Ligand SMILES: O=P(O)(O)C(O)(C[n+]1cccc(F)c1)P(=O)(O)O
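Taking the form deposited without this ligand, here's one chain by itself in structure tokens.
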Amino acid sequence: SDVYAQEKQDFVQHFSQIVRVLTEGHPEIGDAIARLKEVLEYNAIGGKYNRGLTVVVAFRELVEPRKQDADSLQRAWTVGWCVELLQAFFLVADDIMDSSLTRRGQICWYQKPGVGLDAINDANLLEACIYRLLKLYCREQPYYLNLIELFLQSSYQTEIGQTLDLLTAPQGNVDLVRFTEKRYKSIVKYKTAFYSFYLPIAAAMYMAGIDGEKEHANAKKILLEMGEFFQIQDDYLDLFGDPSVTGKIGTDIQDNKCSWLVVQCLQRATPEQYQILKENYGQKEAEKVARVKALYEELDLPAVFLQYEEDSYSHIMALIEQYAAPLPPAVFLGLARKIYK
């Protein structure tokens, strides 16, 4: 808690250097490069950097300390920042698609005067910056191609999950029949879990010389399952999370989201309850949102969640027991600690 959040400070320090090298004898693109700088400064800074940091922490846990020279650690910081750029790319584009107003407390980049739909290009640049950074810092390393493929695959999985989410939850289309458990698991796995949990550990593994298919598959089984719980808790806190403790106030119900809650509610609802949901879900009427929350409450979804979090915790510890070796279980336990608070 005090040692993990020290490591956070150095992470954010490295950002200036990330930006410097991404923004260098080509005079008349200078103006585009200055715009690239604003995009990076506004969109890559101001999160909690959990994904990026995971690359750094894991790399330190997986390498023998007498192969951790200044250049080694530099590359770990940089590939951490690559994960944060991938995420910035997804967020900027996602906020346009959903018509969001704010992000990380502030006006979404695309809503800023003079940006608008130009944010589409800006997001594309954020994505491109990943591969410039990999080239600049890792091109001579034996894991180079492995990291390129990892990021590309992570992008594809995320885009695919996003497609599935958009089909499943059209804004302005009350359709609870799309909102099944199988479909919810599928969205979370592709859209969130691969890039948030598998990507950063996998990156660290490759940087450490652990490139085995089986080892990667073992780590993935643990990490996708943590990803699933992360999102489910995220859906629960959207509506039941003390809002001064989380940051946010939730709009999942308004937004016709395929949330963990609605899925559970629909497995439990009578025909009558189905209709209260059907009349009220995915509307912005405060009163219509009241009566969904109330339905969820009457059905003891908070209790169902707590039961789920307990079960999920034993399942995760079992998976770690079974699939962590020959990585140190600490690699996985550090992540479990941050999400099963």
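What we label the rigid core is the largest C-alpha set whose atoms superpose within 1.5 Å from one form to the other. The first residue of the sequence shown is number 1, and the count goes up from there.
Beyond what is shown, the protein has a form solved in complex with this ligand; the following relates to that form.
*Asks:* Using a 2.4 Å cut-off to backbone and C-beta atoms, with three or more ligand atoms needed to call it blocked: open or blocked for this ligand placed in the deposited complex and overlaid on this form?
*Replies:* This form leaves the site open.
*Asks:* Within 4.5 Å, heavy atoms only, one stretch in 231-239, 174-182, 134-142, 265-273 touches this ligand in the deposited complex. Which?
*Replies:* Of the options given, it is 231-239.
*Asks:* Go through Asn146, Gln162, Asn218, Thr168 and name the one with a heavy atom inside 4.5 Å of this ligand in the deposited complex.
*Replies:* Of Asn146, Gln162, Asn218, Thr168, the residue with a heavy atom within 4.5 Å of this ligand in the deposited complex is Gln162.
*Asks:* Please determine whether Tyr195 contacts this ligand in the deposited complex, using a 4.5 Å cut-off between heavy atoms.
*Replies:* Contact with this ligand, yes.
*Asks:* Under a 4.5 Å heavy atom criterion, is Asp71 part of the interface with this ligand in the deposited complex?
*Replies:* No - in the deposited complex, heavy atoms of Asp71 and this ligand never come within 4.5 Å of each other.
*Asks:* For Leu91, is any heavy atom within 4.5 Å of this ligand in the deposited complex, or not?
*Replies:* The answer is yes: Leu91 has a heavy atom within 4.5 Å of this ligand.
*Asks:* Is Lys248 close enough to touch this ligand in the deposited complex, meaning at least one heavy atom pair within 4.5 Å?
*Replies:* Yes, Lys248 sits close enough to this ligand in the deposited complex that at least one of its heavy atoms falls within 4.5 Å.
*Asks:* Which residue, chosen from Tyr143, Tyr110, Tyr190, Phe240, moves its CA by 2 Å or more between the shown form and the other one under a rigid core superposition?
*Replies:* C-alpha shift of at least 2 Å: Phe240.
*Asks:* Is it true that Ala70 shifts between the shown form and the other one by 2 Å or more at the Cα, once the core is aligned?
*Replies:* No, its C-alpha moves less than 2 Å.
*Asks:* Using a superposition on the rigid core, decide whether the Cα position of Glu38 changes by 2 angstroms or more between the shown form and the other one.
*Replies:* Shift of 2 Å or more: no.
*Asks:* For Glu61, is the C-alpha shift between the shown form and the other one 2 Å or more after core superposition?
*Replies:* It does not, since the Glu61 C-alpha is displaced less than 2 Å between the shown form and the other one after the core fit.
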